[PDB]
Structures are given as structure tokens and as C-alpha cells.
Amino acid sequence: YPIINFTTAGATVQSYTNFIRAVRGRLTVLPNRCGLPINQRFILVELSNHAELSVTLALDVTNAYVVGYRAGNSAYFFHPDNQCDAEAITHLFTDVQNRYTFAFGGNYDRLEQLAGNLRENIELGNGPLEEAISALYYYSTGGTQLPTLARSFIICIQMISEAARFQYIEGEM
């Protein structure tokens, strides 16, 4: 799948905007989602920060949302909504050693609930994203608690998935 890169290190409004434009350009918003061959159903977004840590998010081209991610030798996936997506996600990060699928989904309502007290009005920005990237990475080694992971997913989704969707829709007036 096509890979799009972005780093928070030395990030500017211009680098962030070109990044979102690249994602928007690979989208094909549709009502349903089994209507596309698995070979062109996803877009990979590799994020890296100041500590040089890197994680790769898997975005669904039909809605722009995150279905899962990779951090080193481990991959995590939100609970799939149906069978197309279930078997579809088995085609992501096939060379990774460890694979795990959460019992919960990646929708805002679930994430907000999991974020519990930890986050009441999540702050967005280059700084929060920098920290979110580290949280997602360390989750694979036991240094990230669930509420923190949830908060981090929300930051990535709002700053990437949602930003791309918004621009796509405003594009078609």
C-alpha cells in the first residue's frame, strides 16, 4: 500500500498541510466498504517524533479512519465491524511478528469511555501528537496504560483522519 510520511520534528503549518493533502488525495469516500479490492483499500501513514520513535497507522481509504497500527515488531487492530474488514485487516503488516485485535472498536464514543477521567477536553497540537506517538509505541512494551492509549488514539484520529475527511468533504462543496 502507498506510504505517506510525517514527522513532528521541526514541523511547520506547511509540512502539516502538505501531509494532510497527501492523505486526502488517496481517499475515495464511499457509503459501504467491501466495494474495493483489498489491494487498494488502505493507506499507510508513518509517524515519527523528536525522540525518533516511529509508528505506522493503517487508514481505510473509504472513510479515512484508523483501523489499526504497527510499532516495531507488533501490530494492533480495533475490533472489526464485519467480515469484509475482519479478513481485510489480515492483509496488513503481514511481516510483523506479533498481532493482536482489541475486543473494542475505534469509534469516538468507545475511546472517550476508555479515556475515562484522564482526558476531559483533549488538547491537540504538535506537542500532544509528539507524546501520542510515544504512547502508541511504548504500549507494545508495557509502558502505556489503557486510558492513556485511548487519549492518544483520539489525538491521532482528530489530527489526521478527521483533518483529511473534513478537507475531502469541503472539496466537493
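Numbering starts at 1 and follows the sequence shown.
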On average, are the C-alpha B-factors higher in 147 to 155 or in 6 to 14? 6 to 14
Averaging CA B factors per stretch from the PDB record, which one is higher: 92 to 100 or 72 to 80? 92 to 100
Using only the C-alpha B-factors in the record, can you name which of 128, 142, 105, 116 has the highest? 116
By the CA temperature factor listed in this entry, which of these ranks top: 44, 136, 34, 47? 34
Where does the C-alpha B-factor of residue 56 rank in its chain, lowest, middle or highest third? lowest
Comparing against every modelled residue in the chain, figure out the third that the C-alpha B-factor of residue 66 lands in (lowest, middle or highest). lowest
